[PDB]
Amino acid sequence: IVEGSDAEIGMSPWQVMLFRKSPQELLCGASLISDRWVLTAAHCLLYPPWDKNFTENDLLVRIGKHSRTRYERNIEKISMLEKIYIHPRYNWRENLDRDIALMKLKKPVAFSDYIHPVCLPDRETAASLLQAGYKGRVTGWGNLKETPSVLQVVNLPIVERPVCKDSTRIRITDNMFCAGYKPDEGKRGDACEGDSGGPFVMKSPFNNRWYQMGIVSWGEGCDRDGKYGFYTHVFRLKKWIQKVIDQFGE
């Protein structure tokens, strides 16, 4: 996160850390949508252009965390991965279209002050909230600059599709949105590398629940004027989410 601030404790209790076993390495963000299911970006698991194809056994999920590095004794919880699911139409070659993945946790987690799940938006909520100029929130333990001791946060405006589109030569897609400030706006902030899989969330003024609307997906540099962060449009992809999540018995 660039130009962000230290989160408060329990501020983002659905924050999930995607962690490589060996070498021990923090690799992405992710978010908790139930005791059992974690959402991240597909590129965090599978990205051929860079010979990345992680299997379940390569990775850990660390949940309830605040410190980036420090083990958090009766706070953080660790699960192995039962099964990874990448969207079937994830387009790593072109533009990280449908940059989304689910991870089913081997060891479901107990909710606490530090571990609680985020909501996924229904249609009405996505249409109401995912509107240009409305602000959402990104969190991660990602880089503070392109060139963090503690989880990072920043709120930022959704950008209109045309500004997003002319910001980049990468073919933009309806399963993405972008966000961040326009140069004339006089405020900064962005996700950056290692924030991916992390939640872009919005607090419904209607029921006061947090809804995850996007997933930190990509950008070009970080916090660059006239650039915006790109986000996997969670709701555009909720059909797949539902299908994978609804398949098994409790």
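Sequential numbering from 1, following the sequence displayed.
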Name the higher of the two by mean Cα B-factor in the PDB entry, 181-189 versus 58-66. 181-189
Averaging the C-alpha temperature factors as deposited, the higher value of 165-173 versus 111-119 falls on 165-173
Max C-alpha B-factor within the set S79, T125, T139, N91 falls on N91
Determine, from the deposited record, the chain-internal third of the Cα B-factor for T40: lowest, middle or highest. lowest
When the deposited Cα B-factors of this chain's modelled residues are ordered and cut into thirds, is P49 in the lowest, the middle or the highest one? highest
By the record's CA B-factor, is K135 among the lowest, middle or highest third of residues in the chain? lowest
Determine, from the deposited record, the chain-internal third of the Cα B-factor for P205: lowest, middle or highest. highest
When the modelled residues of the chain are sorted by Cα temperature factor, does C28 land in the lowest, middle or highest third? middle
